[PDB]
């Protein structure tokens, strides 16, 4: 790979990371995080604005070109028998399927399923 190739990938924060260590990154859910170094499985190094620092690798999600990122606006319980999922308000998800019957397939990074478009706001 070319040096710094990690930086060409689009990632968004899934969680609030409040910096405590001197070299910790600090970010909020939905922010774009540039990944600088992913060599270590425990902590990645990334950049947001004017800080380069360490952060948890599973606190960010990859967004491929054309992909849509949403913030859940209302907690909703889906019918699991027809591939629906339950999400809480304020969760961050990536859309993975075209809208059908007022539902879109979304990914939290831990789970995937259909969720209502009425309860999502694009970020």
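Numbering follows the first chain given and starts at 1.
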item	value
Segment of higher mean CA temperature factor, 110 to 118 or 12 to 20	110 to 118
57 to 65 versus 42 to 50 - which carries the larger mean C-alpha B factor in the record	42 to 50
CA B-factor ranking of residue 75, expressed as a third of its chain	middle
Third of the chain's Cα B-factor distribution that residue 90 belongs to, per the entry	middle
